[PDB]
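The structure tokens that follow cover one protein chain in two forms, given apart as structure 1 and structure 2.
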Structure 1
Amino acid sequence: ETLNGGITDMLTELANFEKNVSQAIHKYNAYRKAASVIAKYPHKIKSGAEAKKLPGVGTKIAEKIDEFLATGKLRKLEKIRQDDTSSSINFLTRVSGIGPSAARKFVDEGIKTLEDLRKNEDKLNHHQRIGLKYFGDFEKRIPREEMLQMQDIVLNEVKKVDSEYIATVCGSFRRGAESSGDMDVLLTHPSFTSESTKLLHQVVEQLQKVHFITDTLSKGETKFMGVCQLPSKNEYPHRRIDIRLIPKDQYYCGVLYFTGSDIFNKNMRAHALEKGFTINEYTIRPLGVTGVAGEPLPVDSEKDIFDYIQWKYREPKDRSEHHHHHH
């Protein structure tokens, strides 16, 4: 199935360990980068040397690849898997609301299992209460077929609140994925621009009023994080939904951001820094001589952003990650 899959899984496992157990956020990103680059490499890897040529594979990862190529495993990962404290910390971070820091506190207080975690609800904040409540459903992927029915509801209900709203389903759906992990809804309204001043609320209560949104993780004036569910013919899993209100006049920088992937975005924002610019979901600005962002540059399309940084435009579908296959 997956060309070099053994290696990329290995590197993914290490990344997760550095993040969740070591709290080494930059080592985590080194391994992710490594995993991404190898996955998109179109040849089989014969050695750590070969791999090392790829940007973001260095000495220590080559070594590991050698070890893995030679033995079909990695001793560093055997020791880690066996370490039950590492394994429970890792596990707890898969609940939404719990990161490396809380997962560690919980495990050092004898909370190690799903069963233990439910026993100690009173220890959890609201966000964690809800991620635990839907832990199972949130592990499932969303078929594009079901994404369409959700778009239909979201779009219809936005129009019914105020037809001047425009709602756009971004994330992995806009990239054409046949399944998505969540639903990312990007929202504009002409009253909200970068120079103006309860636009997101209305939409959320409307979506709750017709019982599509079922819970709330967090909510502010511009970003809503919650749970949703299709009505049953006769039940559908609950699902994560992200609703983002961005300023009407910065739609392109915002839709670029909200389309992802995550890895595409940090690579893009990294390539810009070396060219001399800084990008966020609102603007692309030139970095001053002192690394200080200057005034925003004009953007009339997604391609204008790529253009400023001397990148070839890439349609949404080519902003996903890929892997390659062996026979």
Structure 2
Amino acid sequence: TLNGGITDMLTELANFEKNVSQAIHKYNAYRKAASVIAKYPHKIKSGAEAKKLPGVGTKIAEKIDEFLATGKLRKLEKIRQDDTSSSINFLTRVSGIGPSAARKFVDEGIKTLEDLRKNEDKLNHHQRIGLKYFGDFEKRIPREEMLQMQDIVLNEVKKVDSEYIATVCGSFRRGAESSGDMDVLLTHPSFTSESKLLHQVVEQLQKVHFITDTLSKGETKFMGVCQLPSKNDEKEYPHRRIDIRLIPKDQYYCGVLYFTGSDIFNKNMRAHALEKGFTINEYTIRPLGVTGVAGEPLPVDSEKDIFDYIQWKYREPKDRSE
């Protein structure tokens, strides 16, 4: 919005650092900078102004000054005209092709979707599914479709065993008008820290032809593809990414809190937890002893139990953007 030109530039530099440079911490630095700028309530007018924000340092302030004076960044222009950097960058858009495989393909003259399709033999199973659904995976999911997807998953899970608990987390649980994918957290009273559960559920979703493809799957984590059924004369829906994570029941609501997010919120809640003598991670909340030693995990029967320990007013998922 106010600073969309700047945040595009920084996101473009981030993707380059990750995909071409293979410099994951510079990618994250650029993303962190773009996220604080996108949240700033003023149209930035200088590099110096931007450097006041956390995560923006000298180099990005100089890039902002150049962008503001000229409307472009020379570094980006050279990157965009570099065929190797652009080909590597494009290929990483396939799910399962990362910076390493992208660079490898491009070294041997494999640079286009068409090249991938003629070189299907050289792709692993995840990359093959990424290629198959290349356009669909980059489409967003309207909330009304997420709602329909929730009803299918929740119902079929219930048909396998009435005592499963399944929760759709991610941006959907925070009320987003659209989501990138579907995140399902699953548990069962029979699965604890100290004790086919996932397979049964996946198989059922396949039998009703909801789940169409499998990227990866083990005893606790399923990553795959699903699609809503359409009516006879309608256009078919896009295929969608869906993950299902089976979490032990004594860690479930810590799981739910973590996978709901958002990232900033989790961070701010973990910061506050320490301040009160507790430490939270994706699995547990533990009390901190006088010297700093983490104690045993506390009992957590609900998401609100976690806020109670750290004497926090319960935040509705709708309000967990920060």
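Shifts are known only where both forms have a C-alpha. For residue numbers, the reference is structure 1: its sequence is counted from 1. Here the rigid core means the biggest group of C-alpha atoms that line up within 1.5 Å when the two forms are laid on top of each other.
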Next item on the list: Specify which of 96, 293, 78, 249 corresponds to the hinge in the chain, comparing the rigid parts between the two structures.
Entry: 249
Checklist line | Smaller rigid segment rotation relative to the larger between the two structures [°] | finding: 28
Check: Aligning on the rigid core, what is the distance the CA of residue 280 moves between the two structures, in angstrom?
Finding: 3.5
Notebook entry, point to check: If the rigid core is lined up, how many Å does the C-alpha atom of residue 117 shift between the two structures?
Noted result: 1.1
Next item on the list: After lining up the core, report the Cα displacement of residue 146 between the two structures in Å, one decimal place.
Entry: 0.5
Check: Given a rigid core superposition, which stretches of at least 3 residues have all Cα atoms displaced by 2 Å or more between the two structures?
Finding: 260-280, 283-321
